[PDB]
Amino acid sequence: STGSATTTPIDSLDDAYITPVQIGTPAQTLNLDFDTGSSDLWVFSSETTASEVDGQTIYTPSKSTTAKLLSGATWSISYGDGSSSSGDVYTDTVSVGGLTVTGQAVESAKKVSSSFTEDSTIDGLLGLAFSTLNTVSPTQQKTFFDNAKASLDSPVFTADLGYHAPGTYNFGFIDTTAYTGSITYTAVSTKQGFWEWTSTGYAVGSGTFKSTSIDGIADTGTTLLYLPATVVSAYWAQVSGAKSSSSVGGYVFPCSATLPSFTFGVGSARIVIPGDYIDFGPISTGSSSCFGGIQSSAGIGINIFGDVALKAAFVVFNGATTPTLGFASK
């Protein structure tokens, strides 16, 4: 089997991407944030505290003839941005782009933190990291990809995120029309539960490539590119007036600037992030200070190849017995 679904930016900055997902019988379609940095499929629901729901579409398990309470199971997750959610668990039929999994754990939110309530466009998350990170207790549950894997034509999914435009998540096949050149594959460590890999270096604009190992994660659920402070300083030093602002929470730059590109290495290959992809717009409405799309990971503990980086590539998440990542230009 295969599946193919379009993923759409939630706003004009590409702060996140939503993909329609069918849950239950008859189908209830929710727009979920596909997140290769986590491993829970959770949804706003008829169980979510009413004051914490503000415009999201909810899953109502009592209206699904295929929903079954997973008795005794609870979940609770905290994300790197400080947001969180928790609740109980149903199993139900879940379909993405024509690919169907029966018996998928659908984690129903009883509580969500303010950032989720405040984002009316995201109805929940669909985790695509390794199932070892799934938070369901006392019986850990498998991701949608893990459950689908054996049925897929090939044990892969691909992320093709658009810049200020829709893109595609495919399951079970590699669309050879969706990229240019060849796909360069690179080793993955699953030891922390992430799609963790080592970039071979970077360049700023037209500058020379610096060969240096940068361990990080391919994370579709993180907006920006978080890299070591040395790398990030070298990038922003090429932008007149750019500075790190403790009050804003990162590097800012004059909105009048034209940003240089940023290149990262994948083996001997190179992925070029155009400068425009690094512009996240005014820090507050009407400001002439703009927020940078490359930020320091120093306070995180891990480097994160988020959407800023991934959207410059066609990315293969290869879930073969030994997982690997592939990157192609597009």
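This chain uses plain numbering: 1 for the first residue, then up along the sequence.
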Between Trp75 and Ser85, does a side chain to side chain contact (heavy atoms under 4.5 Å, CB included) hold up when you go through it step by step? CA-CA 8 Å; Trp75 61 281; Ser85 52; 3.2 Å; yes
Hey, mind stepping through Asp279 and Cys290 against side chain to side chain contact (heavy atoms under 4.5 Å, CB included) and telling me if it holds? CA-CA 7 Å; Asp279 185 350; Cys290 273; 3.9 Å; yes
Could you walk me through whether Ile271 and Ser329 satisfy the side chain to side chain contact (heavy atoms under 4.5 Å, CB included) test, starting with their C-alpha distance in whole Å, then the side-chain angles of each, then the deciding distance to 0.1 Å, before giving a yes or no? CA-CA 6 Å; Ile271 300 294; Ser329 295; 3.9 Å; yes
Verdict with supporting geometry, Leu99 and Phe144, side chain to side chain contact (heavy atoms under 4.5 Å, CB included): CA-CA 10 Å; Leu99 171 65; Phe144 175 83; 3.8 Å; yes
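A search for salt bridge (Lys or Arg N to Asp or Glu O under 4.0 Å) contacts involving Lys330 returns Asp160, not counting sequence neighbours.
A distance of 11.0 Å separates OG1 of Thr25 from CD1 of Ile23, quoted to the nearest 0.5 Å. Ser45 OG to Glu107 CD: the interatomic distance, rounded to the nearest 0.5 Å, is 11.5 Å. Atoms CG and CZ, on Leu325 and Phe305 in that order, are 10.5 Å from each other to the nearest 0.5 Å. Rounded to the nearest 0.5 Å, atoms CG (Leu225) and CZ (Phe264) are 7.5 Å apart. One finds the OG atom of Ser131 at 7.0 Å from the CG atom of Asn147 (value rounded to the nearest 0.5 Å). Taken to the nearest 0.5 Å, the CG atom of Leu41 stands 9.5 Å off from the CG atom of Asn134.
For the residue pair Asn318/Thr324, the side-chain donor-acceptor check at 3.5 Å is satisfied. Between the side chains of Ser297 and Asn303, at least one donor N or O sits under 3.5 Å from an acceptor N or O. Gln22 and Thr29 share a donor-acceptor pair across their side chains, judged by distance under 3.5 Å alone. Side-chain contact of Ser76 with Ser86: a donor-acceptor pair under 3.5 Å is absent, judged by distance alone. Side-chain contact check for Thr100 and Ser95: at least one donor-acceptor pair (N or O, by modelled atom type) lies under 3.5 Å. A donor-acceptor contact under 3.5 angstrom links the side chains of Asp92 and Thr66, judged on distance only. Looking only at atom types and distance, the side chain of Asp307 has no donor-acceptor partner in the side chain of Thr223 under 3.5 Å away. Side chains of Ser83 and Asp81: a donor on one and an acceptor on the other come within 3.5 Å.
The two residues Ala73 and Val136 make their nearest non-hydrogen contact at CB-CG1, 3.9 Å. Taking both residues in full, the closest heavy atoms of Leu227 and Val231 are given as CD1-CG1, 4.1 Å, listed atom of the first, atom of the second, then distance. The minimum heavy-atom distance between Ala129 and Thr143, with the atom names listed, is O-CG2, 3.4 Å. A pairwise comparison of heavy atoms in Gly37 and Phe194 identifies O-CE2, 3.4 Å as the closest pair. Closest heavy-atom contact between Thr198 and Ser213: CG2-CB, 3.6 Å. Listed here is the closest heavy atom pair of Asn170 and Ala5: OD1-N, 4.5 Å.
The aromatic rings of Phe116 and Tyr79 lie perpendicular to each other, with more than 60° between the two planes, well past the 30° mark.
By the 4.5 Å heavy-atom criterion applied to side chains, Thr200 and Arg270 are counted as neighbours. Within the 4.5 Å cutoff, side-chain heavy atoms of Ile302 are placed close to those of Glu196. Counting heavy atoms from C-beta on, the side chains of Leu128 and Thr220 never come closer than 4.5 Å. Side chains of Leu152 and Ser1 form a contact here, defined as non-hydrogen atoms less than 4.5 Å apart. Inter-residue side-chain proximity for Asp175 and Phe173 is flagged as met; some heavy-atom pair is nearer than 4.5 Å. The side-chain heavy atoms of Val43 and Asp123, taken from C-beta on, include no pair separated by under 4.5 Å. By the 4.5 Å heavy-atom criterion applied to side chains, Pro282 and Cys255 are counted as neighbours. Considering only heavy atoms from C-beta on, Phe317 stays 4.5 Å or farther from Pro323 through its side chain.
Put simply, the side chain of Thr49 never gets that close to the backbone of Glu52: no donor and acceptor are under 3.5 Å apart. In terms of modelled atom types and a separation under 3.5 Å, the side chain of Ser39 and the main chain of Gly127 share no donor-acceptor contact. Between the side chain of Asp14 and the main chain of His164, a donor-acceptor pair closer than 3.5 Å is present. When atom types are taken as modelled, the side chain of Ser284 and the backbone of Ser287 share no donor-acceptor pair closer than 3.5 angstrom. Side-chain atoms of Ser296 come within 3.5 Å of backbone N or O of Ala298 as a donor-acceptor pair. Between the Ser199 side chain and the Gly265 main chain, a donor and an acceptor come within less than 3.5 Å of each other. Checked by atom type and distance alone, the side chain of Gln56 pairs as donor or acceptor with a backbone atom of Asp54 at under 3.5 Å.
Each of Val266 and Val272 belongs to its own hydrophobic cluster when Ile, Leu, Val, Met, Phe, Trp and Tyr are linked at side-chain heavy-atom distances under 4.5 angstrom. Under the 4.5 Å side-chain heavy-atom criterion for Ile, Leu, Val, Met, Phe, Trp and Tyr, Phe209 and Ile294 are members of distinct hydrophobic clusters.
Considering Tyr185, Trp195, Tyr179, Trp197 in turn, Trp197 is the only one that fulfils the ring-ring contact (aromatic ring centres under 6.0 Å, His included) rule with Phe327. Paired with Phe253 under the rule ring-ring contact (aromatic ring centres under 6.0 Å, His included), one option of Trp236, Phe291, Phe280, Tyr235 passes, and it is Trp236.
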